[PDB]
Structure formats: structure tokens, C-alpha cells
Amino acid sequence: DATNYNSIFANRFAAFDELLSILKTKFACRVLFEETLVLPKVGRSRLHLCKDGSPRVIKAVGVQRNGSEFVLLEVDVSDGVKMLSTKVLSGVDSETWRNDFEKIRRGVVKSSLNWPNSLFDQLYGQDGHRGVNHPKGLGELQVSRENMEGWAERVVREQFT
């Protein structure tokens, strides 16, 4: 399914969407697009589904800040499976994003719900993507406004490499 299911799966991305709000208000970010897509079936394993039988999804967000663009990727782990980092993609070609994103979604499922980093390297270079760790205890016990802003800082910061 290539349909954008943003609003219907928004409950699963409560924290992540609060992060988007903070980037907009305190870190001069503009959101270019938000899309929430179903993960594809690959073989007979069932990681593309949640524990409850519903589709497991992935959210992509295009962001502009300080004259540069990046794309955030966030994998739905609402059923309590091991949380993935938030991917920050840079130098993303939007003219091929539709097809590339499709490869990425398949790579996530194929990698047993992990980022397909060899694919990311091929697509954007080793320096074209990085992971950002979620705030501690995200999913169990609410996260403070302080740590939410910290999360935002970690997303937009500059890397050594």
C-alpha cells in the first residue's frame, strides 16, 4: 500500500510528532512533507505486522532548516518490539525518493526490523545518514519538556564525520 496514512496512525507517533512540533517552534525547522506508509510483506515472516495483527508502519518527514534539507525516518514499534533509532538522511534526492523509500521499507522488514545500513550507504553514502537515539524510557513513563528539546538538539546537531 503506497497510500499515505498519516492521520490514522498518528496515535503511534505521539512522541515523534511532538518532536516535529519542537523543531518547528524552537529550531527554525520547516516541514516539507509527512508520510506514514505501511511496511511491505517480505517472505513468510511477520515483522511487517504488529503483535495485534495490524500493519506496522514507517513515517517519513522532509525537513528544511538553515538552507539545508534532511529526511527523518521513524519505525512504528507500538507493540513493544525493540525500538530503532530515528534515521536522519541528508543529501536526499527528492526526485527518486518515492522509489528509494520503497527499497528502504523492504530493507527494514528484510533486516528483521532494523535499518538497512548497507542500503543507506549505497543510497546516500556512509556520511549521508545517521541514527539518533530516542529519549530514555520512551514508551514507558512520559518524557519531560527538557528531554524533548534535548532530543530535538540531537537531531539537528552537526556530526564529526
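Rules and cut-offs
- Residues numbered from 1 in each chain as written, not as in the entry; some residues may be left out.
- Heavy atoms only, no water.
- Residues with missing side-chain atoms left out of burial classes, pairs and counts.
- Salt bridge = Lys/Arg side-chain N within 4 Å of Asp/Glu carboxyl O.
- Helix = DSSP H or I, 4+ residues; strand = E, 2+ residues; numbered from the N terminus.
- Buried < 20%, exposed > 50% of the residue type's maximum accessible area, 1.4 Å probe, protein only.
- Axes fitted to C-alpha atoms, helices over the stretch in contact; angles between N-to-C directions.
- Parallel < 35°, antiparallel > 145°, perpendicular 65-115°, else oblique.
- Contact = heavy atoms within 4.5 Å.
- Nonpolar A, V, L, I, M, F, W, Y, C, P; charged D, E, K, R; others polar.

Per the PDB record, this model was obtained through X-ray crystallography at a reported resolution of 1.760 Å.

Trainee: Help me understand the pattern of salt bridges in this model?
Mentor: Here the idea is simple: oppositely charged side chains can pair when their charged atoms come close. Under the definition given, this model contains 4 salt bridges. The salt bridge partner of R12 is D76, with a shortest N-O separation of 2.8 Å. Here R12 is found in the segment before α1 (14-26), whereas its partner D76 is found in the loop between β3 (68-75) and β4 (86-90), with 64 residues between them in sequence. A residue is classified by how much of its surface remains accessible, and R12, at 22% relative accessible area, is partly exposed. The exposure class assigned to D76 is buried, which follows from its relative accessible area of 1%. Of the charged contacts, one joins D17 and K59 as a salt bridge, the two residues approaching to 2.6 Å between their closest N and O atoms. Of the two residues, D17 is situated in helix α1 and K59 in strand β2 (residues 57-65); the sequence distance between them amounts to 42 residues. By sharing partners, the salt bridges in this structure join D17, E34 and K59 into a single network.

Trainee: Would you mind showing me how to read the packing of α1 against helix α4 (residues 145-156) here?
Mentor: Each packed pair of helices is defined by two parameters, the angle between the axes and the distance between the axes. Remark: α1 packs on α4, axes separated minimally by 9 Å, with the N-to-C direction vectors making an angle of 75 degrees. Classified by the angle their axes make, α1 and α4 are roughly perpendicular. Here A15, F16, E18, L19, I22, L23 and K26 of α1 lie close against α4, whose contacting residues are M148, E149, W151, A152, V155 and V156. Here the residues of the contact of α1 with α4 sort into 10 nonpolar, no polar and 3 charged.

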